[PDB]
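S.K.: mmCIF, C-alpha atoms and all ligand atoms, file work.cif:
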```
data_query
loop_
_atom_site.label_atom_id
_atom_site.label_comp_id
_atom_site.auth_asym_id
_atom_site.auth_seq_id
_atom_site.Cartn_x
_atom_site.Cartn_y
_atom_site.Cartn_z
CA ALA T 1 0.00 0.00 0.00
CA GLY T 2 3.09 2.18 -0.18
CA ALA T 3 6.52 1.94 1.39
CA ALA T 4 7.51 -1.04 3.50
CA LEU T 5 7.41 -0.14 7.19
CA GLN T 6 9.07 -2.55 9.58
CA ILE T 7 7.25 -4.04 12.57
CA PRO T 8 8.26 -7.01 14.77
CA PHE T 9 6.68 -10.25 13.68
CA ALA T 10 4.84 -11.15 16.89
CA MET T 11 3.30 -7.68 16.84
CA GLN T 12 2.18 -8.28 13.25
CA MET T 13 0.66 -11.58 14.34
CA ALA T 14 -1.23 -9.72 17.06
CA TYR T 15 -2.69 -7.24 14.56
CA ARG T 16 -3.79 -10.19 12.51
CA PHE T 17 -5.45 -11.85 15.52
CA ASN T 18 -7.31 -8.58 16.06
CA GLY T 19 -8.45 -8.75 12.43
CA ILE T 20 -10.39 -11.95 13.12
CA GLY T 21 -11.96 -10.91 16.41
CA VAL T 22 -9.55 -12.19 19.07
CA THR T 23 -7.85 -9.85 21.50
CA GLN T 24 -4.11 -9.64 21.22
CA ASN T 25 -3.32 -10.73 24.74
CA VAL T 26 -4.48 -14.16 23.53
CA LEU T 27 -1.54 -14.12 21.14
CA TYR T 28 1.05 -12.70 23.51
CA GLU T 29 0.14 -15.15 26.28
CA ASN T 30 0.39 -18.15 23.93
CA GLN T 31 3.22 -17.07 21.63
CA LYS T 32 5.32 -20.20 22.16
CA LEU T 33 2.47 -22.64 21.58
CA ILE T 34 1.27 -20.72 18.53
CA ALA T 35 4.77 -20.80 17.04
CA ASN T 36 5.19 -24.52 17.80
CA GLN T 37 1.89 -25.18 16.03
CA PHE T 38 2.86 -23.14 12.98
CA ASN T 39 6.20 -24.96 12.78
CA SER T 40 4.65 -28.42 12.96
CA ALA T 41 2.08 -27.40 10.36
CA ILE T 42 4.79 -26.23 7.95
CA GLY T 43 6.81 -29.37 8.58
CA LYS T 44 3.80 -31.48 7.65
CA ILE T 45 3.50 -29.90 4.19
CA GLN T 46 6.92 -30.96 2.97
CA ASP T 47 6.23 -34.45 4.27
CA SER T 48 3.12 -34.71 2.14
CA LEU T 49 5.07 -33.24 -0.79
CA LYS E 1 -11.39 -3.24 1.76
CA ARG E 2 -10.22 -5.68 -0.94
CA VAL E 3 -6.53 -4.94 -1.58
CA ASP E 4 -5.80 -3.47 -5.01
CA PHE E 5 -9.35 -3.82 -6.30
CA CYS E 6 -9.74 -0.05 -6.51
CA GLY E 7 -6.18 1.23 -7.05
CA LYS E 8 -2.97 1.37 -5.00
CA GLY E 9 -3.33 2.53 -1.41
CA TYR E 10 -6.29 2.56 0.91
CA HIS E 11 -9.41 3.06 -1.17
CA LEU E 12 -11.21 6.28 -0.32
CA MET E 13 -13.67 6.67 -3.20
CA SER E 14 -14.06 6.20 -6.96
CA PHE E 15 -15.67 8.19 -9.79
CA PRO E 16 -16.90 6.80 -13.14
CA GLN E 17 -16.56 8.33 -16.59
CA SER E 18 -17.89 6.96 -19.87
CA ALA E 19 -15.52 6.18 -22.72
CA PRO E 20 -16.35 4.90 -26.23
CA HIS E 21 -17.34 1.24 -25.72
CA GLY E 22 -15.93 1.35 -22.22
CA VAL E 23 -15.65 2.91 -18.81
CA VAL E 24 -12.92 4.77 -16.92
CA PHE E 25 -12.66 4.65 -13.14
CA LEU E 26 -10.84 7.40 -11.26
CA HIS E 27 -9.82 5.85 -7.94
CA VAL E 28 -8.98 8.16 -5.02
CA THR E 29 -6.74 6.47 -2.46
CA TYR E 30 -4.77 7.40 0.66
CA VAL E 31 -1.01 6.78 0.60
CA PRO E 32 1.08 7.10 3.80
CA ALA E 33 4.21 9.23 3.64
CA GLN E 34 7.28 10.43 5.56
CA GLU E 35 7.74 7.72 8.15
CA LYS E 36 9.91 7.84 11.26
CA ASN E 37 11.32 4.90 13.18
CA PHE E 38 10.64 4.31 16.88
CA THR E 39 11.22 1.77 19.61
CA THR E 40 8.21 -0.36 20.46
CA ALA E 41 6.94 -2.95 22.93
CA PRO E 42 3.93 -5.25 23.07
CA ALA E 43 2.76 -4.53 26.63
CA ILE E 44 3.61 -2.35 29.62
CA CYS E 45 4.07 -3.55 33.19
CA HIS E 46 2.72 -1.50 36.08
CA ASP E 47 1.77 -2.64 39.59
CA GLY E 48 2.48 -6.19 38.50
CA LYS E 49 -0.13 -5.97 35.75
CA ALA E 50 0.29 -6.13 31.98
CA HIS E 51 -1.32 -3.37 29.91
CA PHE E 52 -2.15 -3.62 26.25
CA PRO E 53 -3.27 -0.81 23.94
CA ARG E 54 -6.95 -0.64 23.12
CA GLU E 55 -6.19 0.60 19.63
CA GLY E 56 -2.71 1.73 18.67
CA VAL E 57 0.87 0.81 19.44
CA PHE E 58 3.15 1.79 22.30
CA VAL E 59 6.10 3.76 20.92
CA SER E 60 9.11 5.45 22.48
CA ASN E 61 10.69 8.68 21.28
CA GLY E 62 13.95 7.80 23.03
CA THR E 63 13.04 8.43 26.66
CA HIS E 64 9.23 8.50 26.96
CA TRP E 65 6.42 6.12 26.05
CA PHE E 66 3.20 6.97 24.19
CA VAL E 67 0.25 5.29 22.48
CA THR E 68 -0.40 6.18 18.86
CA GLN E 69 -2.80 5.07 16.18
CA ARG E 70 -1.10 2.70 13.79
CA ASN E 71 -1.32 4.63 10.51
CA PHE E 72 -0.73 8.27 11.47
CA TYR E 73 1.72 9.40 14.14
CA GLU E 74 -0.23 11.13 16.91
CA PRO E 75 1.23 10.39 20.35
CA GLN E 76 -0.69 10.49 23.61
CA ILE E 77 0.13 9.66 27.20
CA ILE E 78 -0.70 6.18 28.46
CA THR E 79 -3.73 6.17 30.74
CA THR E 80 -6.28 3.64 31.94
CA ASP E 81 -8.65 4.76 29.16
CA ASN E 82 -6.01 4.09 26.52
CA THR E 83 -5.30 0.53 27.58
CA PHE E 84 -6.73 -2.60 29.07
CA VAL E 85 -5.29 -5.01 31.63
CA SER E 86 -4.79 -8.74 31.41
CA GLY E 87 -2.67 -10.95 33.64
CA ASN E 88 0.61 -10.18 35.36
CA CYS E 89 3.88 -9.13 33.76
CA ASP E 90 5.71 -12.47 33.73
CA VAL E 91 4.38 -14.14 30.58
CA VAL E 92 4.77 -11.59 27.78
CA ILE E 93 8.06 -11.60 25.85
CA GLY E 94 9.45 -8.09 25.63
CA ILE E 95 7.33 -6.34 28.27
CA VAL E 96 8.58 -2.95 29.42
CA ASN E 97 8.29 -0.94 32.64
CA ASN E 98 6.42 2.36 32.65
CA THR E 99 3.73 4.21 34.55
CA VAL E 100 0.08 4.10 33.50
CA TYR E 101 -1.77 7.23 34.52
CA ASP E 102 -5.16 7.22 36.25
CA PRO E 103 -7.26 10.40 35.95
CA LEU E 104 -9.64 9.84 38.83
CA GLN E 105 -7.29 9.83 41.80
CA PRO E 106 -5.45 13.03 40.74
CA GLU E 107 -8.88 14.50 40.36
CA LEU E 108 -9.55 13.49 43.97
CA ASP E 109 -6.38 15.35 45.06
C1 LIG K 201 -4.64 -26.33 23.68
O1 LIG K 201 -4.28 -27.32 22.74
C2 LIG K 201 -2.89 -27.65 22.70
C3 LIG K 201 -2.73 -28.68 21.61
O2 LIG K 201 -2.05 -28.14 20.49
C4 LIG K 201 -2.41 -28.14 24.06
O3 LIG K 201 -0.99 -28.25 24.03
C5 LIG K 201 -0.51 -29.61 24.05
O4 LIG K 201 -0.86 -30.23 25.28
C6 LIG K 201 -0.43 -31.60 25.38
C7 LIG K 201 -1.00 -32.14 26.66
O5 LIG K 201 -1.86 -33.24 26.41
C8 LIG K 201 1.09 -31.66 25.32
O6 LIG K 201 1.51 -33.01 25.40
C9 LIG K 201 1.57 -31.03 24.03
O7 LIG K 201 2.99 -31.00 24.00
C10 LIG K 201 1.02 -29.61 23.88
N1 LIG K 201 1.39 -29.05 22.60
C11 LIG K 201 2.17 -27.97 22.47
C12 LIG K 201 2.46 -27.53 21.06
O8 LIG K 201 2.61 -27.37 23.44
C13 LIG K 201 -2.79 -27.14 25.15
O9 LIG K 201 -2.50 -27.70 26.42
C14 LIG K 201 -4.28 -26.81 25.08
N2 LIG K 201 -4.64 -25.83 26.08
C15 LIG K 201 -5.66 -26.01 26.93
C16 LIG K 201 -5.90 -24.90 27.90
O10 LIG K 201 -6.35 -27.01 26.89
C1 LIG K 202 10.20 12.88 23.95
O1 LIG K 202 9.07 13.68 24.09
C2 LIG K 202 8.99 14.34 25.35
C3 LIG K 202 7.68 15.09 25.35
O2 LIG K 202 6.78 14.56 26.32
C4 LIG K 202 10.20 15.26 25.57
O3 LIG K 202 10.29 15.51 26.96
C5 LIG K 202 10.02 16.79 27.59
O4 LIG K 202 9.01 16.47 28.54
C6 LIG K 202 8.62 17.54 29.40
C7 LIG K 202 7.61 16.96 30.37
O5 LIG K 202 7.05 15.75 29.88
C8 LIG K 202 8.06 18.69 28.58
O6 LIG K 202 7.77 19.78 29.44
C9 LIG K 202 9.07 19.12 27.53
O7 LIG K 202 8.53 20.12 26.68
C10 LIG K 202 9.52 17.93 26.69
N1 LIG K 202 10.53 18.34 25.72
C11 LIG K 202 11.67 18.97 26.03
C12 LIG K 202 12.56 19.31 24.88
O8 LIG K 202 11.98 19.23 27.19
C13 LIG K 202 11.52 14.60 25.20
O9 LIG K 202 12.52 15.59 25.04
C14 LIG K 202 11.43 13.78 23.92
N2 LIG K 202 12.65 12.99 23.77
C15 LIG K 202 13.33 12.91 22.63
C16 LIG K 202 14.57 12.07 22.67
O10 LIG K 202 12.97 13.47 21.60
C1 LIG K 203 15.93 -8.93 20.51
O1 LIG K 203 17.14 -9.55 20.13
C2 LIG K 203 18.26 -9.17 20.95
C3 LIG K 203 19.48 -9.84 20.37
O2 LIG K 203 19.94 -9.17 19.21
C4 LIG K 203 18.00 -9.55 22.41
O3 LIG K 203 19.07 -9.02 23.19
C5 LIG K 203 19.67 -10.04 24.02
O4 LIG K 203 18.91 -10.23 25.22
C6 LIG K 203 19.43 -11.28 26.04
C7 LIG K 203 18.44 -11.49 27.17
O5 LIG K 203 17.38 -12.35 26.76
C8 LIG K 203 20.82 -10.91 26.52
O6 LIG K 203 21.33 -11.96 27.33
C9 LIG K 203 21.73 -10.68 25.31
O7 LIG K 203 23.01 -10.23 25.73
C10 LIG K 203 21.11 -9.65 24.37
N1 LIG K 203 21.92 -9.51 23.17
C11 LIG K 203 22.20 -8.33 22.60
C12 LIG K 203 23.06 -8.39 21.37
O8 LIG K 203 21.78 -7.27 23.05
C13 LIG K 203 16.68 -8.97 22.89
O9 LIG K 203 16.36 -9.47 24.18
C14 LIG K 203 15.56 -9.36 21.92
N2 LIG K 203 14.30 -8.76 22.32
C15 LIG K 203 13.25 -9.49 22.71
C16 LIG K 203 12.01 -8.72 23.05
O10 LIG K 203 13.31 -10.71 22.79
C1 LIG K 204 10.51 -3.83 35.76
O1 LIG K 204 10.05 -3.59 37.08
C2 LIG K 204 9.92 -4.79 37.86
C3 LIG K 204 9.29 -4.39 39.17
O2 LIG K 204 10.27 -4.24 40.20
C4 LIG K 204 11.28 -5.46 38.00
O3 LIG K 204 11.14 -6.67 38.73
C5 LIG K 204 12.29 -6.83 39.58
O4 LIG K 204 13.33 -7.48 38.85
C6 LIG K 204 14.55 -7.60 39.60
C7 LIG K 204 15.59 -8.16 38.67
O5 LIG K 204 14.99 -8.93 37.63
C8 LIG K 204 14.30 -8.48 40.82
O6 LIG K 204 15.49 -8.53 41.60
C9 LIG K 204 13.16 -7.92 41.66
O7 LIG K 204 12.83 -8.85 42.68
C10 LIG K 204 11.93 -7.66 40.81
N1 LIG K 204 10.91 -6.99 41.60
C11 LIG K 204 9.68 -7.48 41.78
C12 LIG K 204 8.76 -6.65 42.62
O8 LIG K 204 9.32 -8.54 41.27
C13 LIG K 204 11.85 -5.73 36.61
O9 LIG K 204 13.17 -6.27 36.70
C14 LIG K 204 11.90 -4.45 35.81
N2 LIG K 204 12.40 -4.69 34.47
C15 LIG K 204 13.58 -4.23 34.04
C16 LIG K 204 13.94 -4.57 32.63
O10 LIG K 204 14.32 -3.57 34.75
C1 LIG K 205 15.18 3.80 10.39
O1 LIG K 205 16.43 3.26 10.84
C2 LIG K 205 17.02 2.32 9.94
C3 LIG K 205 18.33 1.80 10.54
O2 LIG K 205 18.04 1.06 11.73
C4 LIG K 205 17.31 3.02 8.61
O3 LIG K 205 17.85 2.07 7.69
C5 LIG K 205 16.01 3.59 8.05
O4 LIG K 205 16.28 4.30 6.84
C6 LIG K 205 15.40 4.55 9.08
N1 LIG K 205 14.11 5.05 8.58
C7 LIG K 205 13.63 6.22 9.02
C8 LIG K 205 12.31 6.74 8.51
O5 LIG K 205 14.26 6.87 9.83
#
```
Rewrite the structure from the file as structure tokens, please.

M.R.:
Amino acid sequence: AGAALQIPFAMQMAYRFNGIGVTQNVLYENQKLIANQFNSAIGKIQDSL
Amino acid sequence: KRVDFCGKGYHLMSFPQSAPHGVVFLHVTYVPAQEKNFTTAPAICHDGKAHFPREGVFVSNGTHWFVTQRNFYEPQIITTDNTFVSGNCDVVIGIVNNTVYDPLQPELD
């Protein structure tokens, strides 16, 4: 939408949780589990491929 | 709100014009400009409680902390009407110490 403006990635993930109706404390208080789940989900794609 | 469906930027409004066998759309959009960098933090710890912005981000100009809206820089001081509380400050990665100002009790002298 213009020039790239940097933001830390967990804070971008919190904006995106807001965009679906969940408060952002739910992301910050679960950060490690959410990242573990994303990593297992990405590791399952290359296994199916 | 569909990205790039009505031009580049944040769609404000669009005007139609007729062409021969066709149509022309003049899209008016909003484009952000002249950014500055800041230090930032996800929450703020005060009295053993974690505070999150209601809307906006916590930013630091070098020595002081403010809340701003995310798309236009307009800094304000962090109060209990700017933020909400959840939990204690032991679980959030990158939490920062600052004071969150209450209006009522300095009204009550
Ligand atoms: C929410 O669901 C997750 C499942 O992804 C739970 O986390 C797992 O809990 C089991 C316990 O049976 C552990 O063995 C796993 O190692 C956990 N997974 C990860 C990625 O940490 C989590 O406990 C659930 N939360 C609640 C409150 O029920
Ligand atoms: C960050 O902004 C603050 C403004 O709040 C500057 O601090 C001073 O703060 C006092 C009381 O809050 C004001 O009376 C002053 O007018 C403010 N400015 C000055 C120049 O004294 C602070 O200087 C700013 N810091 C940086 C690094 O820009
Ligand atoms: C951002 O990354 C920096 C590393 O570049 C982290 O700084 C380190 O913090 C640890 C404490 O967890 C210290 O032991 C290291 O000495 C620091 N390294 C440097 C180079 O400063 C910083 O903590 C990270 N920020 C967050 C919020 O995790
Ligand atoms: C932010 O403020 C809290 C509140 O005091 C600090 O917590 C103290 O941390 C030190 C060192 O980690 C401990 O020795 C104290 O026992 C803690 N106090 C309490 C009341 O728990 C915290 O360290 C501060 N954060 C930073 C980065 O300085
Ligand atoms: C912000 O700082 C970075 C270096 O950390 C620099 O590359 C960038 O151009 C700066 N942008 C602005 C708007 O100051």

S.K.: Return as a PDB file with C-alpha atoms, in the frame of the given file every polymer residue, whether protein, DNA or RNA, with at least one atom no more than 10 Å from an atom of ligand LIG 205 (chain K); count all atoms listed in the file.

M.R.:
```
ATOM      1  CA  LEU T   5       7.410  -0.140   7.190  1.00  0.00           C
ATOM      2  CA  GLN T   6       9.070  -2.550   9.580  1.00  0.00           C
TER       3      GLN T   6
ATOM      4  CA  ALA E  33       4.210   9.230   3.640  1.00  0.00           C
ATOM      5  CA  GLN E  34       7.280  10.430   5.560  1.00  0.00           C
ATOM      6  CA  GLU E  35       7.740   7.720   8.150  1.00  0.00           C
ATOM      7  CA  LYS E  36       9.910   7.840  11.260  1.00  0.00           C
ATOM      8  CA  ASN E  37      11.320   4.900  13.180  1.00  0.00           C
ATOM      9  CA  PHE E  38      10.640   4.310  16.880  1.00  0.00           C
TER      10      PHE E  38
END
```

S.K.: CA of residue 4 (chain T) and CA of residue 10 (chain E), how far apart in Å?

M.R.: 14.5 Å

S.K.: Output the contact residues of chain T with respect to chain E at a cut-off of 9 Å, based on all atoms listed in the file, as a PyMOL selection string.

M.R.: chain T and resi 1-3+5-8+10-11+24-25+28-31

S.K.: Could you please determine the separation between atom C7 of ligand LIG 203 (chain K) and CA of residue 16 (chain T) in Å, to one decimal place?

M.R.: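 Separation between atom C7 of ligand LIG 203 (chain K) and CA of residue 16 (chain T): 26.7 Å.
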
S.K.: Show me which residues are within 10 Å of ligand LIG 201 (chain K) counting only C-alpha atoms and all ligand atoms, and format the list as a list in words.

M.R.: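 Using only C-alpha atoms and all ligand atoms, I find these residues within 10 Å of ligand LIG 201 (chain K): residues 30, 32, 33, 34, 35, 36, 37, 38, 39 and 40 of chain T.
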
S.K.: Please measure the separation of CA of residue 61 (chain E) and atom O8 of ligand LIG 204 (chain K), giving the value in Å to one decimal.

M.R.: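 These atoms are spaced 26.4 Å apart.
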
S.K.: What does the list of residues within 7 Å of ligand LIG 204 (chain K) look like if you count all atoms listed in the file, written as a compact mmCIF listing (two decimals) with C-alpha atoms, in the coordinates of the input?

M.R.:
```
# COMPACT_ATOMS: atom_id res chain seq x y z
CA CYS E 45 4.07 -3.55 33.19
CA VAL E 96 8.58 -2.95 29.42
CA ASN E 97 8.29 -0.94 32.64
```

S.K.: Using only C-alpha atoms and all ligand atoms, which residues of chain E come within 9 Å of ligand LIG 202 (chain K), and what is the closest atom pair for each, with the distance in Å to one decimal? Give it as CSV, sorted by chain and residue number.

M.R.:
```
residue,atom,partner,partner_atom,distance
E:60,CA,K:LIG202,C1,7.7
E:61,CA,K:LIG202,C1,5.0
E:62,CA,K:LIG202,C16,4.3
E:63,CA,K:LIG202,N2,5.4
E:64,CA,K:LIG202,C1,5.4
E:65,CA,K:LIG202,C1,8.0
E:66,CA,K:LIG202,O2,8.7
E:76,CA,K:LIG202,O2,8.9
E:77,CA,K:LIG202,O2,8.3
```

S.K.: Choose the residue, out of E:6, E:72, E:48, E:16, that has the smallest atom-to-atom separation from residue 28 (chain E); count all atoms listed in the file.

M.R.: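 Of all the options, E:6 lies closest to residue 28 (chain E).
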
S.K.: Find the residues near residue 47 (chain E): any atom within 10 Å, counting all atoms listed in the file, skip ones fewer than 5 places away on the same chain, and give them as a list in words.

M.R.: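 Counting only the stated atoms, we get residues 88, 89, 97, 98, 99 and 100 of chain E.
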
S.K.: Keeping only C-alpha atoms, write those residues as a PDB file, in the frame of the given file.

M.R.:
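File produced: result_14.pdb:
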```pdb
ATOM      1  CA  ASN E  88       0.610 -10.180  35.360  1.00  0.00           C
ATOM      2  CA  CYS E  89       3.880  -9.130  33.760  1.00  0.00           C
ATOM      3  CA  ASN E  97       8.290  -0.940  32.640  1.00  0.00           C
ATOM      4  CA  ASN E  98       6.420   2.360  32.650  1.00  0.00           C
ATOM      5  CA  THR E  99       3.730   4.210  34.550  1.00  0.00           C
ATOM      6  CA  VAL E 100       0.080   4.100  33.500  1.00  0.00           C
TER       7      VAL E 100
END
```

S.K.: So, counting all atoms listed in the file, which residue among E:24, E:104, E:59, E:12 is closest to residue 44 (chain E)?

M.R.: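 Of the candidates, the smallest distance to residue 44 (chain E) is held by E:59.
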
S.K.: Mind completing region 10-23 of chain T with N, CA, C and O atoms? Output as an mmCIF file, in the frame of the given file, please?

M.R.:
```
data_model
loop_
_atom_site.group_PDB
_atom_site.id
_atom_site.type_symbol
_atom_site.label_atom_id
_atom_site.label_comp_id
_atom_site.auth_asym_id
_atom_site.auth_seq_id
_atom_site.Cartn_x
_atom_site.Cartn_y
_atom_site.Cartn_z
ATOM 1 N N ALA T 10 5.888 -10.853 15.927
ATOM 2 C CA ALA T 10 4.840 -11.150 16.890
ATOM 3 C C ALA T 10 3.814 -10.039 17.006
ATOM 4 O O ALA T 10 2.630 -10.313 17.205
ATOM 5 N N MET T 11 4.234 -8.790 16.843
ATOM 6 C CA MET T 11 3.300 -7.680 16.840
ATOM 7 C C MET T 11 2.464 -7.625 15.569
ATOM 8 O O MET T 11 1.346 -7.123 15.596
ATOM 9 N N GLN T 12 2.975 -8.150 14.461
ATOM 10 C CA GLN T 12 2.180 -8.280 13.250
ATOM 11 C C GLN T 12 1.153 -9.396 13.399
ATOM 12 O O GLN T 12 0.003 -9.271 12.958
ATOM 13 N N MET T 13 1.558 -10.490 14.024
ATOM 14 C CA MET T 13 0.660 -11.580 14.340
ATOM 15 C C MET T 13 -0.449 -11.139 15.280
ATOM 16 O O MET T 13 -1.576 -11.604 15.146
ATOM 17 N N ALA T 14 -0.176 -10.213 16.183
ATOM 18 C CA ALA T 14 -1.230 -9.720 17.060
ATOM 19 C C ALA T 14 -2.237 -8.842 16.334
ATOM 20 O O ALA T 14 -3.435 -8.948 16.597
ATOM 21 N N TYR T 15 -1.784 -7.964 15.444
ATOM 22 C CA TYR T 15 -2.690 -7.240 14.560
ATOM 23 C C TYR T 15 -3.582 -8.196 13.797
ATOM 24 O O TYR T 15 -4.781 -7.957 13.627
ATOM 25 N N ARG T 16 -3.001 -9.253 13.274
ATOM 26 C CA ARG T 16 -3.790 -10.190 12.510
ATOM 27 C C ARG T 16 -4.784 -10.973 13.359
ATOM 28 O O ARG T 16 -5.856 -11.297 12.864
ATOM 29 N N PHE T 17 -4.454 -11.305 14.603
ATOM 30 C CA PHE T 17 -5.450 -11.850 15.520
ATOM 31 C C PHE T 17 -6.575 -10.868 15.795
ATOM 32 O O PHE T 17 -7.734 -11.268 15.869
ATOM 33 N N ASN T 18 -6.263 -9.586 15.958
ATOM 34 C CA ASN T 18 -7.310 -8.580 16.060
ATOM 35 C C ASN T 18 -8.223 -8.587 14.844
ATOM 36 O O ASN T 18 -9.431 -8.415 14.986
ATOM 37 N N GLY T 19 -7.664 -8.771 13.651
ATOM 38 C CA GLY T 19 -8.450 -8.750 12.430
ATOM 39 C C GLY T 19 -9.429 -9.898 12.276
ATOM 40 O O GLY T 19 -10.232 -9.877 11.350
ATOM 41 N N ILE T 20 -9.382 -10.909 13.140
ATOM 42 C CA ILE T 20 -10.390 -11.950 13.120
ATOM 43 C C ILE T 20 -11.255 -11.967 14.363
ATOM 44 O O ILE T 20 -12.074 -12.875 14.521
ATOM 45 N N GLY T 21 -11.086 -11.015 15.263
ATOM 46 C CA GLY T 21 -11.960 -10.910 16.410
ATOM 47 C C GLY T 21 -11.439 -11.434 17.723
ATOM 48 O O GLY T 21 -12.224 -11.583 18.656
ATOM 49 N N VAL T 22 -10.155 -11.707 17.839
ATOM 50 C CA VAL T 22 -9.550 -12.190 19.070
ATOM 51 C C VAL T 22 -8.664 -11.087 19.621
ATOM 52 O O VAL T 22 -7.964 -10.419 18.867
ATOM 53 N N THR T 23 -8.717 -10.862 20.928
ATOM 54 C CA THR T 23 -7.850 -9.850 21.500
ATOM 55 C C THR T 23 -6.396 -10.297 21.436
ATOM 56 O O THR T 23 -6.091 -11.477 21.296
#
```
